[PDB]
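For reference, the chains in residue letters:
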Amino acid sequence: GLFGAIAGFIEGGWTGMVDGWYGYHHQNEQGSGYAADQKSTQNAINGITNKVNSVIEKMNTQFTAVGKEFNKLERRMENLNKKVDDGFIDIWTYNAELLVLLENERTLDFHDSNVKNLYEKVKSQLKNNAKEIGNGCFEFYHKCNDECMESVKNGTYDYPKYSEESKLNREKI
Amino acid sequence: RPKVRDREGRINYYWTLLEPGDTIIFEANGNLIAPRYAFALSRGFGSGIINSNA
């Protein structure tokens, strides 16, 4: 969208990944599988949670009786009351709806952010030991068993341990 | 009173609304400026008056 990851180069979502919002799909011989990156997912849950709880919990409302009843020689007063009520209702309707719109856009952009930043996190670990295949996917030059994948997931990857094999497999490509 | 339109006396003006079914009664021994025409109206709501030369 605004960053070109969700609905951008990553065409769609993974219905099979229930561990969270953001995650991984690996394809080492041992087998496939889906996982979630609980760091980014958890930070996003904390942020969004704080947002909603900030649009709700911020509404102080004193004890108030909106209704006022007037006779037939108090039409000026009755129209004044009507004017107050109607004014506040206009304000809150307009500001509320635009708030929902703008902040929905902001939230979607925030998810797009988190995913793109995650993609870049993985990219900065694999500079020459992999190529950018398709979308949201890297192909290795060296074979990366479960241990290695779980290494990319927790940040620690250890590049020079696999740099040689990669240097070989890459030349002919 | 001080001359306003060259008149030391005054007339205080008064009005009221008479809802259907109800009856209005005037009584007097003097000083009354009786009604001649009254205005049978239905209400309307929530407007104001404009004071401009447009």
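Coordinates for the structure precede this section.
Residues numbered from 1 in each chain as written, not as in the entry; some residues may be left out. Chains lettered and ligands numbered in written order. Part of a larger assembly, values for the part shown. Heavy atoms only, no water.

Colleague: It is not clear to me how the overall build of chain A should be interpreted in this structure. Could you clarify?
Modeller: Within chain A one finds four helices and four strands. Going residue by residue from the N terminus, the α and β elements of chain A occur as β-β-α-α-β-β-α-α. Overall, the C-alpha framework of chain A stretches about 95 × 25 × 25 Å when taken along its three principal axes. Residues counted as buried form 25% of the 173 residues belonging to chain A. Of the roughly 12900 Å² of accessible surface on chain A, 56% is carried by carbon and sulfur atoms. Distance between charge centres in chain A, computed from 21 positive and 26 negative side chains, equals 5 Å. (Helix = DSSP H or I, 4+ residues; strand = E, 2+ residues; numbered from the N terminus. Buried < 20%, exposed > 50% of the residue type's maximum accessible area, 1.4 Å probe, protein only. Areas by Shrake-Rupley, 256 points an atom, 1.4 Å probe, with all protein chains shown as cover. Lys, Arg positive; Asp, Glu negative; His and termini not counted. Charge placed at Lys NZ, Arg CZ, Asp CG, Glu CD.)

Colleague: Would you mind showing me how to read the pairing of strand β4 (residues 137-140) of chain A here?
Modeller: Where a strand is regular, its side chains alternate between the two sheet faces. Residues and elements named next belong to chain A. Pairing of strand β3 (residues 130-133) with β4 involves four bridges; the strand directions are antiparallel. By the bridge assignment for β4, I133 is matched with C137. From the end of β3 to the start of β4, which pair antiparallel, there are three residues, and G134 there has a positive phi angle of about 40°. (Pairing = 2+ DSSP bridges.)

Colleague: How should the layout of surface pockets be read in this particular structure?
Modeller: A probe matching the size of a water molecule, rolled over the atoms, marks out where space remains unfilled. All names here are of chain A. As a volume, the largest pocket reaches approximately 1100 Å³. Along the walls of the largest pocket sit 40 residues, with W14, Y24, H25, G136 and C137 positioned nearest its centre. Listed by contribution, the elements that provide at least two residues to the lining of the largest pocket are β1 (23-25), α2 (75-123), β4 and α3 (146-153). For the lining of the largest pocket, the element with the most residues is α2, which contributes five residues. Of the residues assigned to the lining of the largest pocket, the class counts are 21 nonpolar, 14 polar and five charged. (1 Å grid on protein atoms, 1.4 Å probe; cavity = no way out; pocket = protein on both sides within 12 Å on 5 of 7 lines; lining within 4 Å. Points joined across faces, edges and corners; volume = space filled by probe spheres on them. Nonpolar A, V, L, I, M, F, W, Y, C, P; charged D, E, K, R; others polar.)

Colleague: Explain the state of the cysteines here, please?
Modeller: Two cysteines joined by a covalent bond between their sulfur atoms form a disulfide. Residues and elements named next belong to chain A. Applying the stated criterion across every chain, the model contains one disulfide over all chains. The disulfide partner of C144 is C148, and the gap between their sulfur atoms is 2.0 Å. Sign of the S-S torsion, about -100° for the bond between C144 and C148, identifies this disulfide as left-handed. As a non-bridged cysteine, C137 has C144 as the owner of its nearest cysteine sulfur, 14 Å distant. (Disulfide = S-S within 2.5 Å.)

Colleague: Got a minute to help me understand the packing of aromatic side chains in this structure?
Modeller: The way to describe two aromatic rings as a pair is by their centre distance and the angle between their planes. Residues and elements named next belong to chain A. Counting across every chain of the model gives five aromatic pairs over all chains. A centroid spacing of 5.1 Å and a plane angle of 15° characterise the contact between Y119 and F138, whose relative ring orientation is stacked. With a gap of 19 residues between them, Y119 in helix α2 and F138 in strand β4 connect regions that are remote in the sequence. Here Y119 falls in the buried class, since its relative accessible area comes to 15%. (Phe/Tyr/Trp six-rings, centres within 6.5 Å; stacked < 30°, edge-to-face > 60°.)

Colleague: Before we go on, may I ask you to explain the side chain of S163 of chain A in this structure?
Modeller: Its location among the elements puts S163 of chain A in helix α4 (residues 163-172). One polar contact links the side chain of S163 of chain A to the main-chain carbonyl oxygen of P160 of chain A, over a distance of 3.1 Å. (Polar contact = N/O pair within 3.5 Å; in protein donor to acceptor, adjacent residues only side chain to side chain.)

As far as function goes, none of this settles anything; it's purely spatial.
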